[PDB]
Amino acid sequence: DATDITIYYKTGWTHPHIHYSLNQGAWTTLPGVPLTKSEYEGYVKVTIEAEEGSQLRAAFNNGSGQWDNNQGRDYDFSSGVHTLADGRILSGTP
């Protein structure tokens, strides 16, 4: 049973950030946490420390007010690993 929340995100932004609320808690202070490039070209990655049975709600930004917020639904990610690319989420790595 997975614990941390690891997210891969396809983006060409140079300063991508994840803004999120973990387990229905407080949201990060803007602009949120930076994502660091993965060796999967075009993808950035973050791992959010979390307990068993965790879920976060997230929106991504370019550090300067351009957003990807899933048409206002925001993106939901559970304990485990997930890859978001052009609005589609698949479990696991790229």
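A residue's number is simply how far along the shown sequence it sits, counting from 1.
The deposited model assigns a higher average Cα B-factor to 35 to 43 than to the other stretch when 55 to 63 and 35 to 43 are compared.
Looking at the C-alpha B-factors along this chain, the one for residue 78 belongs to the middle third.
Per-chain ranking of the deposited C-alpha B factor places residue 12 in the highest third.
Sort the chain's modelled residues by C-alpha temperature factor and residue 50 lands in the middle third, per the entry. The entry lists a Cα temperature factor for residue 70 that places it in the middle third of the chain's modelled residues.
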